[PDB]
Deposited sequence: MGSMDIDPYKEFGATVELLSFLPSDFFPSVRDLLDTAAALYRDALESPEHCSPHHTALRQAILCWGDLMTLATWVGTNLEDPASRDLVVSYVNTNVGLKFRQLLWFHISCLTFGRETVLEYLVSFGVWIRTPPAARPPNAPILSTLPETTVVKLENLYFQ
C-alpha cells in the first residue's frame, strides 16, 4: 500500500546508493564495529542528536532482529543464512554505510562522493586515474 524511501528524507534514494557497486561497501561486521567505536555514547544517548542518529539506531536494531531470526533458523534445522548475506546484507551495508558516512564526513559530501565514485568505477580501468576519488572532511 505504501512506498517509503529510507534515503529520501536524507536527500538521496535507493537507486542512487545501488549506483555504488556491492563490493564498495564495508562488511556489516566492520560497519557496526565502526558505529560502536565512533558513536556508542551518542547512539546509546537519551537525546535525538540528529535524524541520522535516529535512523542508524533502528537500522542496527533491525539487523539484530534479522540475525536473531537467521540464528534461530540454524538452531531449528544453510541456504537461509546464505540468503541474508546475499540480499538483505547489501541493503544494511548500504544503509549503515550511508548513515555512518553522513555523521563522519557530512551528508552533502557523501552525496557528491556517491556519484563521483559511481562515474569513476564505471570508466574502464585503462582510461581512469589509478586511485578512486577520496571521501574526507577538511
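Of the deposited sequence, positions 1-2, 80-85, 147-160 lack any modelled C-alpha atom.
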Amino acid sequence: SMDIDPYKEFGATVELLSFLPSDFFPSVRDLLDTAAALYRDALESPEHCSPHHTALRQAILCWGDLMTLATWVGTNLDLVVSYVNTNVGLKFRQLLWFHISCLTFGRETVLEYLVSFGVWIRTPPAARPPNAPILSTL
From here on, numbers count along this sequence of modelled residues.
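So that the term is clear: the rigid core is the largest set of C-alpha atoms that superpose within 1.5 Å between two forms.
Take 107-115 and 79-87, fit the other structures onto the shown form by the rigid core, and average the C-alpha distances in 7 other deposited structures of this protein: the farther stretch is 79-87. The rigid core fit leaves 66-74 as the farther-lying stretch in 7 other deposited structures of this protein, judged by Cα positions and set against 66-74 and 24-32.
Across the two stretches, 32-40 and 66-74, the PDB entry reports the greater mean Cα temperature factor for 66-74. Higher mean CA temperature factor, per the PDB entry, when comparing 6-14 with 122-130: 122-130.
Per the deposited coordinates, the residue with the largest Cα temperature factor out of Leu79, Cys102, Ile60, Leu95 is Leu79. In the deposited entry, the Cα temperature factor of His52 places it in the lowest third of its chain's modelled residues.
Ranked by C-alpha B-factor against the other modelled residues of its chain, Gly106 falls in the highest third.
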